[PDB]
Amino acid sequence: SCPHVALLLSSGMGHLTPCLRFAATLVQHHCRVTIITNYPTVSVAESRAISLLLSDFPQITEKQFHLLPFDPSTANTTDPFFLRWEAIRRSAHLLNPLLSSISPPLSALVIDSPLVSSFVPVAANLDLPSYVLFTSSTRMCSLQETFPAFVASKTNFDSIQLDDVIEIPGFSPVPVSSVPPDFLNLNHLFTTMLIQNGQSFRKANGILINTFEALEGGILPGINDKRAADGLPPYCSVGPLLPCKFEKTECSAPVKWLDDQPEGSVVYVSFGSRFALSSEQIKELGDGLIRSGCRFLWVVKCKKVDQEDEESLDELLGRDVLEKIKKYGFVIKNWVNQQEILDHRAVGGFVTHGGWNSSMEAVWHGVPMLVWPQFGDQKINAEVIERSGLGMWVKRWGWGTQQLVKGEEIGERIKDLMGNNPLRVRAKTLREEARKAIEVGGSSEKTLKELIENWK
């Protein structure tokens, strides 16, 4: 028997990459997988990853979810990826005929986390076992579950909110300062969507999380014990979700540059796929990379959407300034293969925004991190990485979207990262645990086998 599993996708490489990786993991574990795509994708990288997956995995069927005519003026946010989520969610009642058509009959529908609220009833109407694909850390899933209860406890969310704490089941309490800045702003579409999704998480049969048990200490089995007692769906740790074979192009220009660099001497720098630094922070980060005295691979973005980042890096910095930076390290304003770079022996450290995929990729390849939170869940993710002993995260720097860090300060912490031996030692240790988790008899491999055997 081979259980048929559907994947409901949403906007963003931060959501697509674990979706496609998990889809690949499923197919390699004797399951038939059907991914439900929507077009046109907000970014080009989204289109390529799907096509490459479908090319490398012909047995993965694609069914297109045609969304309703969307009026962006109705939505609160101006974020192209968030707007996409809502467009899908507003077309929720049309997924039902799409799913019934699918042959052979599905065993489970794996819903993307931003789409849980709107689409988990659709699975219930079809008596379909539904599972949440959570793309962030377990500590964030726990907050997003708890946050609806927290906001209901406040008369006014404006003034009564200083910097107290929000209690999390099984985790260290989260300060308001580590909470996604958009959460303070209820009546923001992102906030209202996550509040709804976190409320509906309990309606799913389980929650897929890109993590392994050794990463969080020994708190996960106890949490699930209490979750089962409280009638909540279990946390299903299936991470680290392995990168697909199409994510490895051995002949990339940045990879070839790395081959000429001393091992462990290069600082990889990136802030994800949907966020860009301010012009001032970009100019300062470039200054800090020169001051660091370390070889660096810097990935730059001036806009969120790659399609729209048409401006040459020259106009932002000046030809002279940019010409100077290229002398000290590799700089590219284009999509690069992150995990392929992270596995390169030349990379000794990673300056990241704190996105979970990047973080988990670094965990998987054993690269020490300097987490520089910019927005959203990156501060909560920062704290997870710090307690893991793999990364350092400068609380002094605050949020990147609201605080500016100058060149001298940036250069010193990169030095600290490059010479931080405890992070290096933990990196090798933590990587071997991640590998052991997906190997047969591993923690993650055990949970995935249990899921498939139930499907079936």
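Start at 1 with the first residue shown and count on from there.
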Query raised in the report: Out of 219 to 227 and 148 to 156, which one has CA B-factors that are higher on average in the deposited record?
Result: 148 to 156
Query - 12 to 20 versus 436 to 444 - greater average Cα B-factor per the deposited record - result: 436 to 444
Query raised in the report: Which one, 362, 132, 267, 321, has the peak C-alpha temperature factor per the PDB entry?
Result: 321
Query - Member of 386, 377, 182, 315 with the greatest C-alpha B factor (per the PDB record) - result: 315
Query - Among modelled residues of the same chain, the CA temperature factor third for residue 233 - result: middle
Query raised in the report: Based on the entry's values, in what third of the chain does the Cα temperature factor of residue 52 lie: lowest, middle or highest?
Result: highest
Requested in this report: Classify residue 45 as lowest, middle or highest third according to the C-alpha B-factor given in the PDB entry, relative to its own chain.
Outcome: lowest
Query raised in the report: Relative to the other modelled residues in the chain, which third contains the C-alpha temperature factor of residue 89: lowest, middle or highest?
Result: middle
Report summary line: Binned into thirds over the chain's modelled residues, the C-alpha B-factor of residue 345 lands in the highest
